[PDB]
RNA sequence: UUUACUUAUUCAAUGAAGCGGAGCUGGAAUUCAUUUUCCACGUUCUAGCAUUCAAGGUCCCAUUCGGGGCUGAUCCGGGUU
RNA sequence: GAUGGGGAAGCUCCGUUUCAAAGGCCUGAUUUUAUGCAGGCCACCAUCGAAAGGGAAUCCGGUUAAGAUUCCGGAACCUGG
């Protein structure tokens, strides 16, 4: 014959058994393959006179890239494809709704070498 | 028949109280164990101008009984208090100006202010600049006390209703003329938007009952009923008499 | 079928046995939410004849509805129609409260 | 004895923090709690009728204990035992060929509220137990009337859960003995006499008694200090 | 026409903390057979300070870094008022 | 401006800290321990709302047909780790 001993003047909900999920089936069919892989990141290079002027001096690749991408994906994708060490990567959305990326390599590598190696000149 | 000025005033769109610069609620401390058994002290830190209330405020700070901290309260400052005067509160507090005693504990002829209407409502009566109540006798059985409100009319209220000792500050506020429209404007723009006031007799008959006519005049009687509805009321409400008085008043 | 006895007891509503229970239950219900799941039917006999068989599937919901007439909405008591359609207080709403509930 | 100084704290309203006390008095319980407690309190406060308050008058823990000793011998079957009987009858239908006379007659308790009623109406019920609860009190209330009318003893026992426990459900509120093995038959009579002394023969007296109108501890105190001490002191 | 009970209803409060009843204990106090009662029942010269299941005292684990219980903070009804 | 709630035949209305059981917090366990567990804690209580209010930190020189306190050169600073 006894009670409990409450000292604070209010009641509160018990921090009960927070039971984790254990569902009898999977949500969807199979894990959706990588939406945004290295090929789906960078689409094309850019051949305009300005771009080449940059390449020949700045050590700077130029790319059209998918919108869903960001500087991290870009600095991954470039390494994964072209076997490079990348510096600073600066992006804009062009007037026509296409993401332009300016990708400077480290001083180790040459741009104009990697430009005609990939194909465009 | 356009909806008249006064009718709009309750809708609450523009007319609501302008309360940016207002310091806080001018309430007493919660009536608890400590205050209704013995007494309890504090210090007053700040006394400060609240805007839209001529009576200056009194920021007082007590120690909470039930935890280690300083919980702050804000009375309407009674005349003759100073920053870092002690302020004693509750049942066995002294009868010195600033303290908040129950109404049974005071004598009769006693001047208090900010007196509660009933036990633990935290301020109610005599809370204006200059005004004050006068406790004018106990009714010790069924513990009430009979008090003199600043209008003149009397009241019977519990002795357990606290009220703070002394007058309220800023007395003789209205002694000065407001002098120029600008000052009036400045006064009112920190209260609400009930200024300036166009006279009903000026505006057109759609706007307000008094309105219209070739000459600026009322035409029907101005004193209207207590029983008259919203929008009819735009005169002298349910007047038991009117015109200029003669003689000494508080007419007992 | 002891339910018959229950039915007869319920039918004697004004008797002190029931208008005693009434006064408890009316308080009890006016303290909970307006709509709320009843655990078990109060008058199971009645429930049973309305087509309820106490097993998994059948759920009972206790609900209140506010009483008396439907006031017509129309702001500041206007109407703008011909004198016939100026009713505000006295109109009464075709479906019963039971329905609303 | 060491250098450890004594320093008492003055809890004198104003100075020092008034520290932890057990405030199981004050604390703000949830709405449901409040509903149940005040339902109880309210039921006590009101002037309750004759036909209710025949309940709350109950069977005490000793005689009741003897009752549960008696009845509990006659629990009905579980899954294991029903399965056993199924096996028995399966065996005996082929070889013995007795038309429903392989196992004995069962002498365990007969129950079910409707069933109980149907027994009482033909006097086939020889004893009937009744729990005080059943929140829809509609159900159980009229049994006292059948029992007193049909010359049957009725025992307002406590806990519908206890009645449940013997009959192997969660609840019951009604358990009755019709048949019984002529062995614990003296104690049966002893009960019948005892039960009838407690509840049954006072039914008419109960018919005049009004329970309730029972004020709370503080209300009672107020009544005492004020209403008693006017002539007395 | 008064006036009483309170559980419905209503209004208010507030991290719904100190309600009522009963006490020790100290004053007034009649005591008439030791009570009948009634008040108190921890803080007012000072703009500081007050928290770590509180120190203290005490009984059990084990005193090997220590740990739990009672009290200190009187009890019962747990109706928050 | 949601939720709790309360209105309204309903479209939806009030209200936003409210008659709610509204939540998270750092520490120990460790070498069954994943985060549960022996604990203490703290009560407010969503959310949106100002490229003129509050706001962590960048400046110079050069460079383009059109860009820069954003690129190149040079020199800094802050933040989290």
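Sequential numbering from 1, following the chain as shown.
Quick check of the header: electron microscopy, 3.8 Å.
From the backbone N, Cα and C atoms, a Cβ is placed for every residue, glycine too.
The ubiquitin cross-link annotation in Swiss-Prot covers B:45 (among others). Residues within less than 8 Å, Cβ to Cβ, of residue B:45 (ubiquitin cross-link) and separated from it by at least 6 positions along the same chain comprise B:59, B:60, B:61, B:72, B:83, B:84.
The phosphoserine annotation in Swiss-Prot covers B:51 (among others) and is backed by a large-scale study or a structure entry. The local packing around residue B:51 (phosphoserine), expressed as other Cβ atoms within 10 Å of its Cβ over all shown chains, amounts to 15. Secondary structure at residue B:51 (phosphoserine), taken from DSSP and collapsed to helix, strand or coil, is coil.
Sequence annotations record features per position, and here Swiss-Prot assigns ubiquitin cross-link to B:92 (among others) based on a large-scale study or a structure entry. DSSP classifies residue B:92 (ubiquitin cross-link) as coil under the three-state reduction.
Taken from Swiss-Prot, the feature phosphoserine covers B:94 (among others). For residue B:94 (phosphoserine), the count of additional Cβ atoms within 10 Å of its Cβ stands at 12 [all protein chains shown].
According to DSSP, residue B:118 (ubiquitin cross-link) sits in a coil region rather than a helix or strand. Taking the Cβ of residue B:118 (ubiquitin cross-link) as centre and 10 Å as the limit, one finds 10 other Cβ atoms among all the protein chains shown. According to Swiss-Prot, the ubiquitin cross-link annotation covers B:118 (among others), on the basis of a large-scale study or a structure entry.
Residues annotated as ubiquitin cross-link in Swiss-Prot, with a large-scale study or a structure entry given as evidence: B:144 (among others). In sequence order, B:138, B:156, B:157, B:158, B:159 constitute the residues six or more apart from residue B:144 (ubiquitin cross-link) in its chain with CB-CB distances below 8 Å.
For the recorded site, residue B:158 (phosphoserine), the DSSP three-state label reads strand. Cβ neighbour count for residue B:158 (phosphoserine) (all protein chains, 10 Å cutoff from its Cβ): 18. What Swiss-Prot records for B:158 (among others) is phosphoserine.
The Cβ of residue B:159 (phosphoserine) has 19 neighbouring Cβ atoms from other residues within 10 Å, across all protein chains displayed. Residues or ranges marked as phosphoserine in Swiss-Prot (evidence: a large-scale study or a structure entry): B:159 (among others).
The phosphoserine annotation in Swiss-Prot covers B:248 (among others). In this chain, none of the residues that are 6 or more apart from residue B:248 (phosphoserine) has a CB less than 8 Å from its CB. Secondary structure from DSSP puts residue B:248 (phosphoserine) in coil.
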Using a 10 Å radius around its CB, how many other CB atoms surround residue B:92 (ubiquitin cross-link)?
12
Determine, to the nearest whole angstrom, how far the Cα atom of residue B:118 (ubiquitin cross-link) is from the Cα atom of residue B:51 (phosphoserine).
28
Do you know offhand how many angstrom separate residue B:94 (phosphoserine) and residue B:51 (phosphoserine) by C-alpha?
31
Between the Cα atoms of residue B:51 (phosphoserine) and residue B:92 (ubiquitin cross-link), what distance do you get, rounded to the nearest Å?
34
